[PDB]
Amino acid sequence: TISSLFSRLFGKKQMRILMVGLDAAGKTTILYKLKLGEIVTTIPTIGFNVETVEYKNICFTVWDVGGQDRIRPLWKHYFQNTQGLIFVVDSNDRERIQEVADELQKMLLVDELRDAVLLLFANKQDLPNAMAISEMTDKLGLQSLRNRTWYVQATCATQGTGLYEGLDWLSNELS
């Protein structure tokens, strides 16, 4: 059923869906769940791993944010026709919740992405101390975003629950 979501978007115009987040958020797991094609890894620069899933019209692009230095945001290339922006958060890793707010804000300050629709996957809801989507919203202050269409979706990637729902939203926003 996930592939059929992106049928609505088969309009022929190439389309990037940038999916980022701190390492170990759940990005690789979500791609593999998209069941849309192979995951292909590339290293355009020392310390810059990129995972890609290209369906027909759609292109997925994933890499990690923070920790090590951003000295090279060569990412600029991929900011071409990124209509969607997915940010994956480990709803359990409360230690790095500050960093995710930093990282998200940066992506949000990226000029070429000003028009991207933003989806947040609150991932790992299945763990002991995993944040709910109401507090994750508060602690990030997505609330303050006035002119940016955005949404938060609880998920468990390892189980694939929520992913269809959140992509159903995003898919629909870009159609």
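Don't overthink the numbering: it's just position in the shown sequence, from 1.
- Per-stretch averaging of Cα B factors for 94-102 and 70-78 places 70-78 on top.
- Taking the mean C-alpha B-factor of each stretch as recorded, 113-121 and 46-54 are not equal, and the higher mean is that of 46-54.
- Per the PDB record, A130 has a higher Cα B-factor than any other of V40, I30, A130, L108.
- Looking at the C-alpha B-factors along this chain, the one for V65 belongs to the highest third.
- Among the modelled residues of its chain, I17 has a C-alpha B-factor that falls in the middle third, as given in the PDB entry.
- Per the PDB record, residue ranking by Cα B-factor puts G11 in the highest third of the chain.
- Among all modelled residues in this chain, the alpha-carbon of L34 has a temperature factor (C-alpha) in the lowest third.
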